[PDB]
Amino acid sequence: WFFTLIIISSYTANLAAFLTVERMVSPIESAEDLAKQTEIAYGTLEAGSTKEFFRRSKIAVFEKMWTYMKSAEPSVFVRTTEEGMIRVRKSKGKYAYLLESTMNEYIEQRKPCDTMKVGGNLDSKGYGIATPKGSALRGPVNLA
Amino acid sequence: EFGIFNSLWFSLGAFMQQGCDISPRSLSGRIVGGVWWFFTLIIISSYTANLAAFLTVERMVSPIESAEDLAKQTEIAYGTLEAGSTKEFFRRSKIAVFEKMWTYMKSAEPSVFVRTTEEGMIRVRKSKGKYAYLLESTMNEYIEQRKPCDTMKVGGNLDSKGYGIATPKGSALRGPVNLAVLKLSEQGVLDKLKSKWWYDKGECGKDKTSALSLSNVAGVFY
Amino acid sequence: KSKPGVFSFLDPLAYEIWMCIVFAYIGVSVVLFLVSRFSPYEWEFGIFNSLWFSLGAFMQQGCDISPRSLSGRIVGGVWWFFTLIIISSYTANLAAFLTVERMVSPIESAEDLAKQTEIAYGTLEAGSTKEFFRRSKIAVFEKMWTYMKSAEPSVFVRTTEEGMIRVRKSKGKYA
Amino acid sequence: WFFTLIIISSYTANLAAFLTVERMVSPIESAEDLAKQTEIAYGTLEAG
Amino acid sequence: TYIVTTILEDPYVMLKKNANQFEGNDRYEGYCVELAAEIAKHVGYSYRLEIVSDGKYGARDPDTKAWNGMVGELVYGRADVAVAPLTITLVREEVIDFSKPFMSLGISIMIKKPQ
Amino acid sequence: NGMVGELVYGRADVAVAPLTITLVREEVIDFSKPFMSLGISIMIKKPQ
Ligand SMILES: O=c1[nH]c2cc(C(F)(F)F)c(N3CCOCC3)cc2n(CP(=O)(O)O)c1=O
Ligand SMILES: O=c1[nH]c2cc(C(F)(F)F)c(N3CCOCC3)cc2n(CP(=O)(O)O)c1=O
Ligand SMILES: CCCCCCCC/C=C/CCCCCCCC(=O)OC[C@H](O)CO
Ligand SMILES: CCCCCCCC/C=C\CCCCCCCC(=O)OC[C@H](O)CO
Ligand SMILES: CCCCCCCCCCCCCCCC(=O)O
């Protein structure tokens, strides 16, 4: 009887523990979230504007992320976007890639469909239509 | 004496972890009884465990997470300002989702529209979550951080637009101003300013679990 | 200091639940007695035995006697169900109470005070501390300064004694 | 019966609490603790 | 010294509580005011923060075919630059020049916080 | 080099690509108002 009482209470209590923590688990929904934690690694292209954004950033979160990324072995940085994508895919949720939102959304719709974009943007950029300086097309193209 | 009525009573009492007047004596009756005892033990423990989980951690879920949700559902109302460009975006949209939303919003009684953003904000506040207001994202985020701090923005933006610095058509300030704005953007000044005046000045930057009240066991009493 | 409270074991359920449990207990015992007796075909479920059956059912201690009729079994079955839900509710809510009592982290840093909003806090109107806040280049103290600027009722105190008394009277809402 | 019901529920509830949240506590929290205790050793640089 | 037109809209440009206690550009505070400060610093020039009398972002009335608000005040030479949340649009682009957007935005849904 | 080069040195008279508006390129060529807004974002292995 005593053994039974301990064992059954243990089963109930441990099942409650399982279900309660499964209910406390918060995903990454933001950049600061990725910054403060340490369990998940993350990197960017070795050469490109994203790396520069991080290197020159005077914002606390991004400075911290840069300090982490620089002081990381093996290197978080990747050679090409395909390399980063594959590293994310094969990391088993221990590597996050940091890239332009548009490419992120595109890759999200390409099989294998095992990637997703989390949170909002860290930065604001635009793509534009360019014309040579002093061109006559400029005003019409802008209005178009 | 396991007639059908007594069988039903045995089984009910086994599930409720009450007693029995009678227990099976055959091997077959005991197998049946044994598996029903095991089933009962797992199921009841699962009920208790999961209810503990629910009462320990509160997960509040927003019904809406996108515009297509406002489109497909009907219980929640939603409307714009008549005065502004937002209404016009919908009026002329020609995207499926937004066309559908316009068709709804036009044929809505009472009027989903409001006069001023203050009126729309108050309407959203007063209703218990049956009206969603469509407005510019920047104003939305600002209002979200101001008192009483009881609203939120949900989903992404529906459209894309920008605020710019304007100068007179022939002006010599144009090129300098443009390059100034780009320089500020790239140096992170503009982000910082937005952070300061939305979040750092924000008014509203998991404990004391309560006794169960009569209300969340009233059904068992009934 | 936390002095539990002699009858704190009742805390998982509201006072109204306990009182309604008692009423339900009496009502069940009386109906079990009534539907067991006035049936003149038979007349062991007198009133005292009905009360004992009901009590043991609620405590999940089982019984010397079970109802044999359909009416007695209906009564018994609903009282069994009620008991199962109510007891599981008590245990589950007690677990919840003891789990969060165990998740509570004290304030033991400045940013901890800064990020939350439940605790208010102030300093002397005139002092070097206030200056340290006014001229602070780091996030935490800048945020604290911005908060202290928008303080109603006013957080800053005239004298250290005033601040000390405000802390004493506040009941953990003023630092 | 009533006593039993409260006590057993309290045992199950508190074990759930323990298994749900880990709390590791450091035995030492001051120098007087190193003074009073004898189980834990403590030493400095041989010359400093 | 240039006249910089503006509108009253929180948190862009807001009258400071000590409005009477201050005079000049320091009458106002907000996002756009510091933006104007930085823009002036980068370009060079000096300015006074005028406020559009009508307190409206411009629009072209079809009946009269006249511009009102900040856009009107900018097209009729009364103002030298507008530092406000003006939305870049085709109709306004034809009449004035805009800078690249200093703030991107869109339409969004506001709901009551779930309780 | 690249498309900016092809515009600066008269080789081409328009660029219709995803070309990021920047200060350095703004100095040498004229951009239109952005036809597509974007930013840096986080990509993660989808939780299954
Ligand atoms: O250029 C424009 N800039 C605008 C800027 C803002 C704000 F974000 F608050 F600064 C607002 N807010 C919308 C939300 O309620 C409060 C006013 C409206 C603007 N409008 C009117 P619309 O575009 O016709 O709707 C313009 O025209
Ligand atoms: O103007 C630019 N437009 C760009 C457009 C895209 C895309 F969205 F895919 F179209 C990308 N991709 C995402 C990163 O991996 C390479 C491909 C890179 C761009 N880069 C290079 P940067 O130097 O890293 O900014 C530019 O310069
Ligand atoms: C005297 C009369 C007694 C007879 C009646 C007694 C019935 C009581 C026990 C039932 C559970 C038995 C089955 C237990 C389930 C085993 C499942 C298992 O081993 O699973 C492997 C696992 O899934 C690998 O991944
Ligand atoms: C021989 C055996 C005799 C049988 C003895 C009979 C007593 C049955 C006992 C308990 C179950 C009663 C509890 C279940 C009540 C159903 C109501 C319910 O759950 O309603 C939910 C509602 O539908 C919201 O969607
Ligand atoms: C089937 C009978 C079960 C026994 C139930 C015990 C009843 C406890 C006492 C009920 C009265 C109210 C107690 C709660 C008071 C409070 O804490 O505010």
# chains A, B, ... in the order shown; residues from 1 in each chain; ligands from 1

$ closest_atom_pairs --of "chain C" --to "ligand 5" --cutoff "9 Å" --atoms "only C-alpha atoms and all ligand atoms" --output "tab-separated table"
residue	atom	partner	partner_atom_place_in_ligand_line	distance
C:7	CA	ligand 5	17 (O)	6.5
C:8	CA	ligand 5	17 (O)	7.0
C:9	CA	ligand 5	17 (O)	8.5
C:10	CA	ligand 5	17 (O)	5.7
C:11	CA	ligand 5	17 (O)	6.3
C:13	CA	ligand 5	14 (C)	8.4
C:14	CA	ligand 5	18 (O)	6.9
C:15	CA	ligand 5	14 (C)	4.2
C:16	CA	ligand 5	12 (C)	7.3
C:17	CA	ligand 5	12 (C)	8.3
C:18	CA	ligand 5	10 (C)	4.8
C:19	CA	ligand 5	10 (C)	5.1
C:20	CA	ligand 5	10 (C)	8.5
C:21	CA	ligand 5	1 (C)	6.2
C:22	CA	ligand 5	2 (C)	5.3
C:23	CA	ligand 5	1 (C)	8.6
C:24	CA	ligand 5	1 (C)	7.9
C:25	CA	ligand 5	1 (C)	5.2
C:26	CA	ligand 5	1 (C)	8.1
C:54	CA	ligand 5	1 (C)	7.1
C:55	CA	ligand 5	1 (C)	5.2
C:56	CA	ligand 5	1 (C)	8.1
C:57	CA	ligand 5	1 (C)	8.3
C:58	CA	ligand 5	1 (C)	5.6
C:59	CA	ligand 5	1 (C)	7.3
C:83	CA	ligand 5	1 (C)	8.9

$ interface_residues --of "chain C" --to "chain A" --cutoff "10 Å" --atoms "only C-alpha atoms" --output "mmCIF file with C-alpha atoms, in the first residue's frame"
data_model
loop_
_atom_site.group_PDB
_atom_site.id
_atom_site.type_symbol
_atom_site.label_atom_id
_atom_site.label_comp_id
_atom_site.auth_asym_id
_atom_site.auth_seq_id
_atom_site.Cartn_x
_atom_site.Cartn_y
_atom_site.Cartn_z
ATOM 1 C CA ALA C 92 -4.758 20.768 -9.008
ATOM 2 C CA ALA C 95 -0.323 22.404 -7.036
ATOM 3 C CA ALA C 96 -0.786 25.699 -8.879
ATOM 4 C CA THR C 99 4.267 26.069 -8.031
ATOM 5 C CA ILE C 138 22.754 54.125 -19.861
ATOM 6 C CA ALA C 139 19.359 52.677 -20.689
#

$ residues_around --residues "stretch 96-107 of chain A" --least-positions-apart "3" --cutoff "8 Å" --atoms "only C-alpha atoms" --output "list in words"
residues 40, 41, 42, 43, 44, 50, 84, 85, 88, 93, 110, 115, 116, 117 and 121 of chain A; 38, 39, 40, 41, 42, 43, 44 and 45 of chain F

$ write_last_selection --atoms "C-alpha atoms" --output "CSV table (one decimal), in the first residue's frame"
chain,number,residue,atom,x,y,z
A,40,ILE,CA,20.6,29.0,-30.1
A,41,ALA,CA,23.4,30.2,-32.3
A,42,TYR,CA,23.0,32.6,-35.2
A,43,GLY,CA,25.1,34.2,-38.0
A,44,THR,CA,25.1,36.0,-41.4
A,50,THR,CA,23.9,42.7,-42.9
A,84,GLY,CA,23.4,29.5,-44.2
A,85,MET,CA,20.0,28.0,-45.3
A,88,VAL,CA,19.7,26.3,-40.4
A,93,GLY,CA,16.8,24.5,-34.3
A,110,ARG,CA,10.2,26.7,-51.2
A,115,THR,CA,12.1,27.2,-42.3
A,116,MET,CA,10.1,30.2,-41.0
A,117,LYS,CA,10.6,33.9,-40.4
A,121,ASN,CA,12.4,43.4,-39.1
F,38,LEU,CA,12.1,45.3,-46.4
F,39,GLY,CA,14.5,44.8,-43.5
F,40,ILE,CA,16.8,42.3,-41.7
F,41,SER,CA,14.9,39.3,-40.3
F,42,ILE,CA,15.5,36.1,-38.4
F,43,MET,CA,15.0,32.7,-40.1
F,44,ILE,CA,14.8,29.6,-38.0
F,45,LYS,CA,14.3,25.9,-38.5

$ residues_around --residues "residue D:23" --least-positions-apart "2" --cutoff "9 Å" --atoms "only C-alpha atoms" --output "PyMOL selection string"
(chain C and resi 102-103) or (chain D and resi 18+21+25)

$ select_by_dssp --residues "stretch 57-100 of chain E" --states "helix (DSSP H, G or I)" --output "PyMOL selection string"
chain E and resi 69-75+90-95

$ interface_residues --of "chain D" --to "chain A" --cutoff "6 Å" --atoms "only C-alpha atoms" --output "PDB file with N, CA, C and O atoms, in the first residue's frame"
ATOM      1  N   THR D  12       1.062  15.191  -3.100  1.00  0.00           N
ATOM      2  CA  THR D  12       1.098  15.152  -4.550  1.00  0.00           C
ATOM      3  C   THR D  12       1.325  16.551  -5.107  1.00  0.00           C
ATOM      4  O   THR D  12       2.045  16.722  -6.085  1.00  0.00           O
ATOM      5  N   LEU D  15       4.953  17.802  -4.624  1.00  0.00           N
ATOM      6  CA  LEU D  15       5.906  17.122  -5.480  1.00  0.00           C
ATOM      7  C   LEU D  15       5.697  17.636  -6.859  1.00  0.00           C
ATOM      8  O   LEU D  15       6.599  17.655  -7.578  1.00  0.00           O
ATOM      9  N   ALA D  16       4.496  17.947  -7.273  1.00  0.00           N
ATOM     10  CA  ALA D  16       4.410  18.486  -8.599  1.00  0.00           C
ATOM     11  C   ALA D  16       5.206  19.799  -8.630  1.00  0.00           C
ATOM     12  O   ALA D  16       5.924  20.051  -9.593  1.00  0.00           O
ATOM     13  N   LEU D  19       8.957  19.201  -8.878  1.00  0.00           N
ATOM     14  CA  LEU D  19       9.449  18.678 -10.145  1.00  0.00           C
ATOM     15  C   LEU D  19       9.230  19.711 -11.254  1.00  0.00           C
ATOM     16  O   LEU D  19       9.782  19.532 -12.324  1.00  0.00           O
ATOM     17  N   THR D  20       8.356  20.687 -11.077  1.00  0.00           N
ATOM     18  CA  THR D  20       8.066  21.639 -12.136  1.00  0.00           C
ATOM     19  C   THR D  20       9.173  22.686 -12.194  1.00  0.00           C
ATOM     20  O   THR D  20       9.638  23.004 -13.275  1.00  0.00           O
TER      21      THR D  20
END

$ closest_atom_pairs --of "chain F" --to "chain E" --cutoff "12 Å" --atoms "only C-alpha atoms" --output "Markdown table"
| residue | atom | partner | partner_atom | distance |
| --- | --- | --- | --- | --- |
| F:21 | CA | E:100 | CA | 8.8 |
| F:22 | CA | E:100 | CA | 10.0 |
| F:23 | CA | E:100 | CA | 10.6 |
| F:26 | CA | E:100 | CA | 10.2 |
| F:30 | CA | E:100 | CA | 11.0 |
| F:31 | CA | E:100 | CA | 8.8 |
| F:32 | CA | E:100 | CA | 8.3 |
| F:33 | CA | E:100 | CA | 6.2 |
| F:34 | CA | E:100 | CA | 7.7 |
| F:35 | CA | E:100 | CA | 11.4 |
| F:36 | CA | E:104 | CA | 10.6 |
| F:37 | CA | E:104 | CA | 7.6 |
| F:38 | CA | E:104 | CA | 9.5 |
| F:39 | CA | E:104 | CA | 10.7 |

$ write_last_selection --atoms "N, CA and C atoms" --output "PDB file, in the first residue's frame"
ATOM      1  N   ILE F  21      18.397  51.076 -51.867  1.00  0.00           N
ATOM      2  CA  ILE F  21      18.629  52.504 -51.763  1.00  0.00           C
ATOM      3  C   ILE F  21      19.581  52.782 -50.605  1.00  0.00           C
ATOM      4  N   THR F  22      20.681  53.466 -50.899  1.00  0.00           N
ATOM      5  CA  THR F  22      21.709  53.772 -49.927  1.00  0.00           C
ATOM      6  C   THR F  22      22.269  55.148 -50.228  1.00  0.00           C
ATOM      7  N   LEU F  23      23.002  55.693 -49.257  1.00  0.00           N
ATOM      8  CA  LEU F  23      23.577  57.020 -49.370  1.00  0.00           C
ATOM      9  C   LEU F  23      24.647  57.043 -50.446  1.00  0.00           C
ATOM     10  N   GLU F  26      23.068  56.789 -53.694  1.00  0.00           N
ATOM     11  CA  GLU F  26      22.209  57.941 -53.940  1.00  0.00           C
ATOM     12  C   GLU F  26      23.020  59.125 -54.469  1.00  0.00           C
ATOM     13  N   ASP F  30      20.209  58.510 -59.369  1.00  0.00           N
ATOM     14  CA  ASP F  30      18.914  58.844 -58.797  1.00  0.00           C
ATOM     15  C   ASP F  30      18.091  57.577 -58.597  1.00  0.00           C
ATOM     16  N   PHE F  31      17.537  57.377 -57.390  1.00  0.00           N
ATOM     17  CA  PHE F  31      16.595  56.295 -57.132  1.00  0.00           C
ATOM     18  C   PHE F  31      15.161  56.790 -57.172  1.00  0.00           C
ATOM     19  N   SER F  32      14.227  55.885 -57.489  1.00  0.00           N
ATOM     20  CA  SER F  32      12.812  56.180 -57.330  1.00  0.00           C
ATOM     21  C   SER F  32      12.379  55.927 -55.895  1.00  0.00           C
ATOM     22  N   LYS F  33      11.149  56.337 -55.566  1.00  0.00           N
ATOM     23  CA  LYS F  33      10.603  55.956 -54.275  1.00  0.00           C
ATOM     24  C   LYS F  33      10.580  54.441 -54.191  1.00  0.00           C
ATOM     25  N   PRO F  34      10.805  53.830 -53.011  1.00  0.00           N
ATOM     26  CA  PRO F  34      11.003  52.391 -52.966  1.00  0.00           C
ATOM     27  C   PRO F  34       9.734  51.675 -53.435  1.00  0.00           C
ATOM     28  N   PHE F  35       9.926  50.711 -54.333  1.00  0.00           N
ATOM     29  CA  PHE F  35       8.829  49.864 -54.781  1.00  0.00           C
ATOM     30  C   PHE F  35       8.700  48.630 -53.884  1.00  0.00           C
ATOM     31  N   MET F  36       9.629  48.401 -52.952  1.00  0.00           N
ATOM     32  CA  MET F  36       9.492  47.273 -52.053  1.00  0.00           C
ATOM     33  C   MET F  36      10.268  47.542 -50.773  1.00  0.00           C
ATOM     34  N   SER F  37       9.541  47.573 -49.649  1.00  0.00           N
ATOM     35  CA  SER F  37      10.126  47.800 -48.341  1.00  0.00           C
ATOM     36  C   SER F  37      10.516  46.484 -47.701  1.00  0.00           C
ATOM     37  N   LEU F  38      11.626  46.488 -46.978  1.00  0.00           N
ATOM     38  CA  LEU F  38      12.140  45.277 -46.387  1.00  0.00           C
ATOM     39  C   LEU F  38      13.039  45.617 -45.218  1.00  0.00           C
ATOM     40  N   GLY F  39      13.630  44.584 -44.608  1.00  0.00           N
ATOM     41  CA  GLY F  39      14.550  44.772 -43.506  1.00  0.00           C
ATOM     42  C   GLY F  39      15.309  43.498 -43.231  1.00  0.00           C
TER      43      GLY F  39
END

$ residues_near_ligand --ligand "ligand 1" --cutoff "9 Å" --atoms "only C-alpha atoms and all ligand atoms" --output "MDAnalysis selection string"
(chainID B and resid 81 83:88 116:118 135:140 163) or (chainID E and resid 7:12 56:59 84:89 105)

$ interface_residues --of "chain E" --to "chain B" --cutoff "9 Å" --atoms "only C-alpha atoms" --output "JSON, numbers by chain"
{"E": [10, 11, 12, 30, 31, 34, 35, 38, 39, 40, 42, 43, 71, 74, 75, 76, 77, 79, 80, 81, 82, 83, 84, 85, 86, 87, 88, 89, 94, 95, 96, 97, 98, 99, 100, 101, 102, 103, 104, 105, 106, 107, 108, 109, 110, 111, 112, 113, 114, 115]}

$ atom_distance --atom1 "atom CA of residue C:45" --atom2 "atom CA of residue D:1"
20.9 Å

$ residues_around --residues "residue A:24" --least-positions-apart "2" --cutoff "10 Å" --atoms "only C-alpha atoms" --output "mmCIF file with N, CA and C atoms, in the first residue's frame"
data_model
loop_
_atom_site.group_PDB
_atom_site.id
_atom_site.type_symbol
_atom_site.label_atom_id
_atom_site.label_comp_id
_atom_site.auth_asym_id
_atom_site.auth_seq_id
_atom_site.Cartn_x
_atom_site.Cartn_y
_atom_site.Cartn_z
ATOM 1 N N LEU A 19 3.310 18.632 -18.332
ATOM 2 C CA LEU A 19 2.324 19.398 -19.056
ATOM 3 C C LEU A 19 2.443 20.886 -18.743
ATOM 4 N N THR A 20 3.033 21.230 -17.610
ATOM 5 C CA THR A 20 3.067 22.628 -17.191
ATOM 6 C C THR A 20 4.196 23.354 -17.919
ATOM 7 N N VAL A 21 5.347 22.710 -18.034
ATOM 8 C CA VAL A 21 6.447 23.287 -18.762
ATOM 9 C C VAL A 21 6.185 23.263 -20.260
ATOM 10 N N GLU A 22 5.491 22.267 -20.789
ATOM 11 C CA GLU A 22 5.138 22.271 -22.184
ATOM 12 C C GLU A 22 4.271 23.501 -22.435
ATOM 13 N N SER A 26 7.975 29.422 -24.504
ATOM 14 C CA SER A 26 7.782 30.553 -25.397
ATOM 15 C C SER A 26 8.781 30.425 -26.546
ATOM 16 N N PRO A 27 8.338 30.458 -27.822
ATOM 17 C CA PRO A 27 9.272 30.553 -28.945
ATOM 18 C C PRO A 27 10.070 31.860 -28.976
ATOM 19 N N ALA B 53 -1.876 22.031 -14.817
ATOM 20 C CA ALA B 53 -1.160 22.770 -15.840
ATOM 21 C C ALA B 53 -1.960 23.999 -16.227
ATOM 22 N N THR B 56 -1.940 26.629 -13.494
ATOM 23 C CA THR B 56 -0.632 27.121 -13.115
ATOM 24 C C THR B 56 -0.220 28.226 -14.073
ATOM 25 N N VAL B 57 -0.420 28.034 -15.373
ATOM 26 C CA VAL B 57 0.078 28.991 -16.346
ATOM 27 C C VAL B 57 -1.088 29.491 -17.198
ATOM 28 N N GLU B 58 -1.227 30.813 -17.312
ATOM 29 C CA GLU B 58 -2.320 31.404 -18.069
ATOM 30 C C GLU B 58 -1.840 31.741 -19.472
ATOM 31 N N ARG B 59 -2.505 31.147 -20.472
ATOM 32 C CA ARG B 59 -2.270 31.439 -21.872
ATOM 33 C C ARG B 59 -3.541 32.076 -22.395
#

$ closest_atom_pairs --of "chain B" --to "ligand 4" --cutoff "6 Å" --atoms "only C-alpha atoms and all ligand atoms" --output "CSV"
residue,atom,partner,partner_atom_place_in_ligand_line,distance
B:5,CA,ligand 4,1 (C),4.9
B:8,CA,ligand 4,1 (C),4.5
B:9,CA,ligand 4,1 (C),4.2

$ atom_distance --atom1 "atom CA of residue C:71" --atom2 "atom CA of residue B:17"
20.4 Å

$ residues_near_ligand --ligand "ligand 3" --cutoff "6 Å" --atoms "only C-alpha atoms and all ligand atoms" --output "list in words"
residues 30, 31, 34, 35 and 38 of chain B

$ residues_around --residues "stretch 26-29 of chain D" --least-positions-apart "3" --cutoff "12 Å" --atoms "only C-alpha atoms" --output "MDAnalysis selection string"
chainID D and resid 23 32:42

$ residues_around --residues "residue C:104" --least-positions-apart "5" --cutoff "10 Å" --atoms "only C-alpha atoms" --output "short mmCIF file (atom, residue, chain, number, x, y, z; two decimals) with N, CA and C atoms, in the first residue's frame"
data_model
loop_
_atom_site.label_atom_id
_atom_site.label_comp_id
_atom_site.auth_asym_id
_atom_site.auth_seq_id
_atom_site.Cartn_x
_atom_site.Cartn_y
_atom_site.Cartn_z
N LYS B 206 2.68 37.00 -13.51
CA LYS B 206 2.52 35.52 -13.58
C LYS B 206 2.55 34.91 -12.17
N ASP B 207 1.71 35.46 -11.28
CA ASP B 207 1.78 35.23 -9.84
C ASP B 207 0.39 35.42 -9.22
N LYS B 208 0.29 35.15 -7.90
CA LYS B 208 -0.93 35.30 -7.12
C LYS B 208 -2.06 34.54 -7.82
N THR C 99 3.32 25.99 -6.93
CA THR C 99 4.27 26.07 -8.03
C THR C 99 4.65 27.53 -8.28
#
